[PDB]
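Heads up: the structure comes next, in structure tokens.
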Amino acid sequence: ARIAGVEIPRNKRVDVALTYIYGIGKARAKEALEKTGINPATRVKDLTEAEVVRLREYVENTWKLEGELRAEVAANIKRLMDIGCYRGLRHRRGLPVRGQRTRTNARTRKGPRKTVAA
Amino acid sequence: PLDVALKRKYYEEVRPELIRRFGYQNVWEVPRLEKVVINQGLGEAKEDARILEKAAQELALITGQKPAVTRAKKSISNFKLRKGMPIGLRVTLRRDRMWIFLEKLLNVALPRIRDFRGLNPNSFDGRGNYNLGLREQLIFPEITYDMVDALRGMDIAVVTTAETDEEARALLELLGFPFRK
Amino acid sequence: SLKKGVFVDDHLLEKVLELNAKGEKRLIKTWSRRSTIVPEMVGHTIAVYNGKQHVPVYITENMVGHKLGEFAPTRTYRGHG
Amino acid sequence: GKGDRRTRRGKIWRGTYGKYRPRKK
Amino acid sequence: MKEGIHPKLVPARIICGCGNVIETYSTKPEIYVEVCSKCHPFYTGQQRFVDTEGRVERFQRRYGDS
RNA sequence: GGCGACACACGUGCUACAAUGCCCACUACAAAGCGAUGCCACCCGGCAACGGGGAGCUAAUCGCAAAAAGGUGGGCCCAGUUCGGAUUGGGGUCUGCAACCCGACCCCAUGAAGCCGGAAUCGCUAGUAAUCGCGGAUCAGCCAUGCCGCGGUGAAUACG
RNA sequence: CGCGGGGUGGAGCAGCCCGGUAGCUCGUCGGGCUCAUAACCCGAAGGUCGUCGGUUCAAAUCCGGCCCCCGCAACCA
RNA sequence: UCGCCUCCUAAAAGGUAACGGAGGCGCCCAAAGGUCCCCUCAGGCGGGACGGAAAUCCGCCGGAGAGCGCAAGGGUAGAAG
Ligand SMILES: [Mg+2]
Ligand SMILES: [Mg+2]
Ligand SMILES: [Mg+2]
Ligand SMILES: [Mg+2]
Ligand SMILES: [Mg+2]
Ligand SMILES: [Mg+2]
Ligand SMILES: [Mg+2]
Ligand SMILES: [Mg+2]
Ligand SMILES: [Mg+2]
Ligand SMILES: [Mg+2]
Ligand SMILES: [Mg+2]
Ligand SMILES: [Mg+2]
Ligand SMILES: [Mg+2]
Ligand SMILES: [Mg+2]
Ligand SMILES: [Mg+2]
Ligand SMILES: [Mg+2]
Ligand SMILES: [Mg+2]
Ligand SMILES: [Mg+2]
Ligand SMILES: [Mg+2]
Ligand SMILES: [Mg+2]
Ligand SMILES: [Mg+2]
Ligand SMILES: [Mg+2]
Ligand SMILES: [Mg+2]
Ligand SMILES: [Mg+2]
Ligand SMILES: [Mg+2]
Ligand SMILES: [Mg+2]
Ligand SMILES: [Mg+2]
Ligand SMILES: [Mg+2]
Ligand SMILES: [Mg+2]
Ligand SMILES: [Mg+2]
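Residue numbers (our numbering), protein chains in the order written: chain E, 1 to 118; chain H, 1001 to 1181; chain A, 2001 to 2081; chain Y, 3001 to 3025; chain U, 4001 to 4066.
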């Protein structure tokens, strides 16, 4: 069933299918699994709506996920920009923001290559 | 069935709060809620008119009415579009059936919207009716989520006999419409 | 990251802590870009050195945990050809 | 793999210890 | 409403994050809703759980004591 | 402050794209080096980095030390995935007068490109090539995937 | 003046006829092979279709004006 | 250039010339025909997911500027659309 906005995990395995939520994976999963006293080894296909609603209630209440989570990391960076801050500039120009020589491949952050003449 | 909770809730505590607030002399002058028109601009399905009967089937399911199929008005080249072809489905509800849907929408659909910090306060059209767009259709209860092949939204038009938005907002708030203030 | 810490240089720390309790506020040129900023810094106009000159940087409440050289960048760019 | 710092194999490679490679013998 | 080619629309029972709605009156009776943002969680009867605006708020606290 | 720049181009590399593989628990087997301005067992606090305490050793006499692969056992079921961990957000530890520019590391979230790489091109003939860990120099710390070394398991194939 | 043809990536041709998609050779750029250059190999970038106006859903393509280009003709006097 | 159609020249009936000014035809439609019933445009402002000057949807204003297979003219929503 569906948690945190919509975000339906299905089948698979319950501690794994928990990763598929925004803001959650590994730790934050195997934690709320016993905290709600639920077997992690089970499969989200079948389980009592009991262990289902106990499970959404925890998670959706505990921490912020999905929309509001992304909205927070947004305004966090918006904050780094427009405060004229260094890291802000590296966000403003879409260049690597920590350490990181840019003379050669930044590519993940820089985009694919745009070649020019010698 | 002529009962329909929210319908009741309109006469039996929305109307009075309205007369009290705007000071209406005549029984009619106090705003009535008529005709919510759901319309899928579906031009997504353009060449495939097969996709459409799935989408029309789904509207019926969440309305109680099969929608009219709109057709293209003028032929326009920039995106495909022969003059004849179907653009989308468009369905009119009123009178009970509008309420029984408008109830379900208010208590179920809009809740199920990802995020949702509330309905836009500026969408009133100035002669005091209200339009609002939706993106995915699985936020309705009648949808099983395994019956969606693709995701088609709709524009929703709510027409009211209020002569201004100030009055139209009030009617709609008091009915329980979650405005973003 | 320090914590038992929050290193600020004592040189400007003086002239700032003064400009509260002296009552008066104005433009103060410092070389110390290693230092952290605020609380009694906010609203002061501090000139930070980039290696070349002193850059005016206005101060506000979300500049808080940020070192003084964040706001004085060291390299001139404007892109390529 | 040897670059997942969140794994056993990774930690060993970077040479470090933690929740994924706690030091016990 | 023309007879034939139509969803049934029969009185129903519907549940959710908190209670029911005896109202129902829908096609496909007895349906299961995820959460009504109004059980008054989620922004209505404003909960404002796990609130924002801590980032200008925190950097001032661990900051000048140490 | 810069040598750490970033529209770009090349050389040497590392981690991979997974099921002869990934993760978790348990169980084994090395060599060569280093350290009483240091190496720190063992105990406690901490998810952890680390911090408190604190015994031994001028060291075949104490410490770095867990070797890793392997072994057993269970999990994953071919999925851009329990593959892969780049990027970024927040939280911290440490060295150091000082980590904005530029440190290493820990946790939480984020999880990108990548499904064996055009033309072309490198190394290796045996305890070698592949693959797996380990130590030292420099050194406060460290950008070491480097360099110099040590052992573990261990192919293929040479008509000519 | 007259009649015919043309004007499109940097160069030279196609596409217009029959509306909807611009192509081919060279050149240019990045890589490769070479001690090195050329030759050669693997990749890419590049045109708004002379111009204005018109028709159509839509114009390089059909129509009209003008601006160039080449060819032809200008006889009895 | 040569037959046909529309406008002007044409001097407010008709007709009216020039190697006067401008454009079209040599088709098309089995629905684009007959009839009965119903419906009314273009455009402008506001509102509405993907929808952008423009796809579709909802409000108001809009006597015809739209449409009438193709050129122009006359005509036409009290319909010819
Ligand atoms: Mg770095
Ligand atoms: Mg750098
Ligand atoms: Mg409004
Ligand atoms: Mg109204
Ligand atoms: Mg992994
Ligand atoms: Mg260098
Ligand atoms: Mg080179
Ligand atoms: Mg390397
Ligand atoms: Mg891919
Ligand atoms: Mg730095
Ligand atoms: Mg695969
Ligand atoms: Mg390769
Ligand atoms: Mg040999
Ligand atoms: Mg090493
Ligand atoms: Mg030509
Ligand atoms: Mg070349
Ligand atoms: Mg050459
Ligand atoms: Mg022309
Ligand atoms: Mg045109
Ligand atoms: Mg074209
Ligand atoms: Mg003669
Ligand atoms: Mg006359
Ligand atoms: Mg006359
Ligand atoms: Mg003619
Ligand atoms: Mg008929
Ligand atoms: Mg209109
Ligand atoms: Mg509009
Ligand atoms: Mg007309
Ligand atoms: Mg006409
Ligand atoms: Mg007319």
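A virtual CB, placed ideally from N, CA and C, is assigned to each residue, including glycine.
- For the C-beta of U:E4034, the chain E residues within less than 7 Å are, from N- to C-terminus, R2.
- In this model, A:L2017 and A:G2043 are separated by some 13 Å (Cα to Cα).
- Per DSSP, the unbroken beta strand (DSSP E) holding H:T1092 starts and ends at 1089-1093.
- The contact set of U:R4055 on chain E, defined by CB atoms closer than 9 Å, consists of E72, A75, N76, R79 in chain order.
- In the three-state DSSP reduction, E:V16 falls in the coil class, being neither helix nor strand.
- In the three-state DSSP reduction, H:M1098 falls in the helix class (H, G or I).
- When the beta-carbon positions are compared, H:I1087 and H:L1138 stay at least 8 Å from each other.
- In this structure H:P1031 is in contact with H:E1167, their Cβ atoms being roughly 6 Å apart against a cut-off of 8 Å.
- Identification of residues in the segment 39-70 of chain E having a C-beta nearer than 7 Å to some C-beta of chain U yields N61, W63, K64, given in sequence order.
- Nearest CB-CB separation between E:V6 and chain H: below the 8 Å threshold.
- For Y:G3003, the shortest separation between its Cβ and any heavy atom of ligand 1 does not lie below 7 Å.
- Distance from the C-beta of H:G1176 to the nearest heavy atom of ligand 1 is not below 7 Å.
- Residue environment analysis places E:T19 among the exposed positions, since fewer than 16 neighbouring C-beta atoms fall within 10 angstroms of its C-beta.
- Less than 8 Å separates the beta-carbon of U:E4023 from that of H:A1005.
- Looking at U:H4040, U:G4019, U:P4011, U:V4021, the one whose alpha-carbon comes closest to that of U:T4027 is U:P4011.
- Here DSSP, grouped into helix, strand and coil, assigns E:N61 to helix.
- DSSP places A:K2003 outside both helix and strand once states are collapsed to three, so it counts as coil.
- Following the DSSP letters along the chain, one finds A:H2011 inside the alpha helix (DSSP H) bounded by residues 2010-2021.
- At a cut-off of 8 Å between beta-carbon atoms, U:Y4043 makes contact with chain H.
- Under the Cβ distance rule, A:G2005 counts among the residues neighbouring chain U, one pair being separated by less than 8 Å.
- Setting aside the 5 residues that flank it on each side, H:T1164 is surrounded in the same chain by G1128, each with a C-beta closer than 6 Å to its C-beta; the list follows chain order.
- By the criterion of at least three beta-carbon pairs nearer than 8 Å, the segment 2028-2040 of chain A is in contact with the segment 2061-2075 of chain A.
- Proximity of the segment 67-80 of chain E to the segment 4048-4065 of chain U meets the contact definition, three or more beta-carbon pairs being nearer than 8 Å.
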